[PDB]
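Numbered per the numbering used here, the sequence shown spans residues 6 to 97.
Yeah, the Cβ is synthetic: ideal placement off N, Cα and C, and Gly gets one too.
Let me begin by presenting the structure, written as structure tokens, before commenting on it.
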Amino acid sequence: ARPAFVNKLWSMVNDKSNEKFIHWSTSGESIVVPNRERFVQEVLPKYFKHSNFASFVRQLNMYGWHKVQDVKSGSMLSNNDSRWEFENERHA
């Protein structure tokens, strides 16, 4: 209940050190990574010392958040690997 991980995420997803790198999709319930390159290389190690994007997704799962790598409908999806939208709950 109220872990230090979700408590530190409320400041990173904001826009202080990553001002113009990570923003909300529309009003929450999802995060968007327009430039995962400049982000990870200059943001992932600026909070979790030397972790990788894989470790970041691991914490999101054990706390409640989740990734998004499925192809249900997608009229023209499945054609990009550098810009996705984190989901708060894909399945249960």
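- Task: Quick one: measure Cβ to Cβ for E90 and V48, integer angstroms, because I've assumed they're closer than 8 angstroms.
- Result: Going by Cβ atoms, the distance from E90 to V48 rounds to 17 angstroms, so no, they are not a contact pair.
- Every unbroken alpha helix (DSSP H) within the stretch 48–75, with a cutoff of 4 residues, ordered by chain: 58–68
- Where DSSP assigns a beta bridge to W29, which residues make up the other side? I36
- CA nearest to the CA of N12, picked from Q46, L65, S60: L65
- Task: Could you name the residues of the same chain whose beta carbon sits closer than 6 angstroms to that of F58, not counting the 5 residues immediately before and after it, in chain order?
- Result: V45
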